[PDB]
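In what follows, a structure is listed as structure tokens, so that the remarks can point back to it.
Labels run A, B, C, D, E, F, G, H, I, J, K and L following the written order; every chain starts at residue 1.
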Amino acid sequence: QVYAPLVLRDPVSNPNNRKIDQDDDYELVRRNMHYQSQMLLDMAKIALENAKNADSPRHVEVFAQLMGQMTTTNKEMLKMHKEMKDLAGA
Amino acid sequence: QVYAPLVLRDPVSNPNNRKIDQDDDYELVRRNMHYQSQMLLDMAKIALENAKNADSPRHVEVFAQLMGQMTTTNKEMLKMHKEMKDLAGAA
Amino acid sequence: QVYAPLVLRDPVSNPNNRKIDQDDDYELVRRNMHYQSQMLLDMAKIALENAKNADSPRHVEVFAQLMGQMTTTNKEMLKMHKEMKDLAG
Amino acid sequence: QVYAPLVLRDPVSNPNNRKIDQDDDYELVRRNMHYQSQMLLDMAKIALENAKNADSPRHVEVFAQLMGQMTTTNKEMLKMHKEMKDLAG
Amino acid sequence: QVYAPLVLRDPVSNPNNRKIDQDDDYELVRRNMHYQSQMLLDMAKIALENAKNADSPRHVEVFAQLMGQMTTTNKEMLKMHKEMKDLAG
Amino acid sequence: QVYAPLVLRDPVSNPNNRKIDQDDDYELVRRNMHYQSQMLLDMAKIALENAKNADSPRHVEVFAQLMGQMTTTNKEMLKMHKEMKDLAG
Amino acid sequence: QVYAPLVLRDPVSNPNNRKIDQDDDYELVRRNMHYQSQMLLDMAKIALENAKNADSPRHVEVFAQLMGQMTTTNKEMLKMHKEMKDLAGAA
Amino acid sequence: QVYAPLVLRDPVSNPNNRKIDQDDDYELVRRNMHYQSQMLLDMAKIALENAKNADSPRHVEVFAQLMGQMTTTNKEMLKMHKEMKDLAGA
Amino acid sequence: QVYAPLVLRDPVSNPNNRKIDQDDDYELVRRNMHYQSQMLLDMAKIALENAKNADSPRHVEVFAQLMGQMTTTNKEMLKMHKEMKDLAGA
Amino acid sequence: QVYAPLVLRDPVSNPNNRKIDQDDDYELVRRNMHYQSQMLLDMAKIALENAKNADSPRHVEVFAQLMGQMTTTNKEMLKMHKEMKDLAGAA
Amino acid sequence: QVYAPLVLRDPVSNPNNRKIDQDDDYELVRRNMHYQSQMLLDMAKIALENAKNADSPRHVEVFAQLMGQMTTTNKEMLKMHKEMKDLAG
Amino acid sequence: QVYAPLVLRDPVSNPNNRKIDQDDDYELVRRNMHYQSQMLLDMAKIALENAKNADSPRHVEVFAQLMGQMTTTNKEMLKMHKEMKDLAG
């Protein structure tokens, strides 16, 4: 099964009314961060069980790497809100 | 395998009423951090006993690396409360 | 394959009326960021399922790498708006 | 060597009464730091005796690495308290 | 696969009337940034489909690398405008 | 081998009376530092003699690495006291 | 090969009338930057089509690296004008 | 000959009279630094002679590494005294 | 053909009249930068054509490295003039 | 080999009369720095002649590395006097 | 080969009349810088022609490395004069 | 190729009259810097001719490395004088 090619979607941009673009991009960024959280957790549950049953240092090592990424992605969720607070500021 | 594919859940966002998004995202981040705590510990207990019985420098090395990640992840839980404190504040 | 060769397209530039170029470049940058969001998500969905079923640390490792890039690229979106806020004016 | 899957437990969070969450999270973090101390020491005692008896630079090298992590993880306990002091401020 | 040698074209410079050079160089730089955007996107579209169909961590890894460069190169467009704003100052 | 499995021990935490936890954590951290001092020296004495007799650059290399870690771990002891001085209060 | 050896050209310098050296060196640097622009683009067009038709991660990887250098080199053109502006200024 | 296992020794700590702990830990740190100096010099003398007689770049390289560590360990001896001076300060 | 050995040339230095040394060293530095520019361009033209005709990622990669060095060497030409301006200053 | 084992010497320390420890430790550090000077030079003379006669890039490479360490070690001798000067001072 | 062994030469030092040593050391440093300029150029001319004729990426790679070192060593010449300006006095 | 062991010579130190030690150590440091200059130049002259005649990128690469160390070591001579100037202050 050859995967279906991606069809790109052009946004409508507003350089002289940027607030509406900023609103839209917040929604996009938020959506993506929720997606990442879901995907990382999904992978982690399986990677954990694989590592536990594998007596394989390699499996432990990649699980640790996954946790690292989960933490990084986690931290960015709160930073996003700080960034938005700053943007509404000056 | 073959594992059920992940079905993504699109959040509802509120760029002009962001406080409810912030509340929701705090709960999500906190949930995730608790999940990581549980997962890291579950892995660590098994990695430790495997390393102890392995007489294998590679096992000890990876265990040390796991401990490093556990520390890095654990540190962020209190950092998150500092972030939330600032988020409620002046900035 | 053989893929059609890329034909490059020249913009019209205005060094002494730069605001119009700045407007156009914002639209280009934002478009590319949306394109990247779309492409990263498309890759991630497949990479995730491949990694889940691979029974392979290598697959998980590259998936984590992909997530790292997704986060990095993602965080640049609000940075762009901060940049535009500073820029104008 | 066959393990039962991890059962995840959801915490209850309180975005508009965060202090009770902060209290609970301090207790979780401190617990985990104590766990890491215990696990690191447990590993170190065995890694030391293995390295002493192995006549193997590789064992010594990894024991040094372990001591490095022990120090790092150890340093974080007092940093936790400094963070909590700042949190209360 | 046999290519004609590059013929280099000399610009005319004006050390004591540099503003006309600066104008021309802005146009060249902006053109090149637009070219890079087009080339990166062109490569990305194909690299994505190859990675999706390869079931290969190596393809995913390199696609991530490409996205990284796309973001970096993309970030530089607005930086160009900030630089030009400072130049005029 | 098979080694007895580690049984983890939970501390009792006091988020609203943290000084008592801070006291206990200082004692734990100091104990671990003394333990590390003792273990590093124990390893070093054997690693030194092994390296002296090995006729092996690898042995000397890892011995130097061990000394580096010993110094790093060692220097943290007085840093701890500086940290405690800042902490209280 | 065997390519004609390079014959080096010694400039005439003026430590006590440096402005003419500065003028000359600006022209040289600008010429070189334009040459690099031309060379990088000429390479990029071919590297791109080779990478597109190669189904080869190595080709994509090196193309990305080439793009990185192109960005780094391209950035210096405007930085050069800033440098020249400062050179005319107070400092 | 299987080496005798290490028996760990618990210190007595005093969170509310820390000065006596600080005195004790200075003595421990000082002792260890003197130990390191002695061990590094002991290794270096042998590593030097081995390198001189080996026409082996590898031997020279590790001797250089040893000297690096000796210098680092050396520097920390004086820094220890500066640290102690600061601790008696405020 | 064994290359002719380099015969080194000692400069005359003037620690108590350093301005004349500074003039001379500017001329030397300038000469070298012009030499580098010429050599880098000379190599680049050939490296470019080799890369174009080689369908070899390795050739592209080294050409990119060469361009990196050309840019670095380029930037230093202008920095040299800034350095000289500063030296005539205080 | 088998070399005589090292017999460690425990110093007598004075946390409440630290000046005599400082005096002693200065003498020790200075002695060690002089020892390193002697050892580095002794090694360098032989490494140099070996490298000169080796027609071996590896020999030249390691010699360069040795020179690097010699510079780094040599620099610390005067840094030590600065440290001692500060130790006598206000801080 | 066997090359004549190097005979080291001791300078005469003056800790309580350092200016004369500083003068001599400036002359030594400047001499070495001129020597390095001469040696780098000598190597570069041959390395360039070798690289041009080698049909070998490795040759070009090391040539670029050589150019990097030439630039680094070259830029230190005017830094030296800045250093001397600060030094005296 | 058989060498006599190094005989270490103990200096006499004066913690409570440190200026005479400082004077002696300046002379030792300066001597060593002059020695390094001589050794580096001696090696460089031979490494250059070897690299010129080797038609070997490896020889060029290592010659560049040597020039790098020569510059670094060379830079330190004037830094020594700056340090001494600060010491007297």
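Worth a mention:
Please note the rule applied: a contact is a pair of C-beta atoms (placed from the backbone, for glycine too) under 8 Å apart; a residue touches a chain by one contact, two chains touch by 3 or more.
Across I-K and B-F, it is I-K that has more C-beta pairs touching. Interface subunit D/subunit F: under half of the residue numbers present appear on both copies, so the contact uses mostly different residues. Look at where the CA atoms of subunit B average out and do the same for subunit D: the two points lie 14 Å apart.
Centre-to-centre, using mean CA coordinates, subunit C is 27 Å away from subunit G.
Here the spacing of subunit A and subunit I, counted between their Cα centres, is 46 Å. Subunit D has residues 3, 6, 22, 26, 35, 39, 42, 45-46, 48, 52, 58, 61, 63, 68, 79-80, 84 in contact with two or more other chains. Under the stated contact rule, the graph of chain-to-chain touches falls outside the line, ring, star and complete shapes. Contact between chains, as defined at the top, is found for A-B, A-C, A-D, A-E, B-C, B-D, B-F, C-E, C-G, D-F, D-H, E-G, E-I, F-H, F-J, G-I, G-K, H-J, H-L, I-K, I-L, J-K, J-L, K-L. Partner subunit G is touched in their complex by these residues of subunit C: 1-3, 5-6, 8. Residues of subunit H that touch subunit F in their complex: 3, 6, 8-11, 13, 15-16, 18, 21-22, 25-26, 28-29, 32-33, 35-36, 39-40, 42-43, 46-47, 50, 56, 58-59, 61-63, 65-66, 68-69, 72-73, 76, 79-80, 83-84, 86-87. On the subunit F side of its complex with subunit H, the touching residues are 22-24, 26-27, 30-31, 33-35, 37-39, 41-42, 44-46, 48, 51-52, 55, 57, 60-61, 63-64, 67-68, 70-71, 74-75, 77-82, 84-85. Residues 45, 48-49, 52-53, 55 of subunit K are the ones touching subunit G in the complex.
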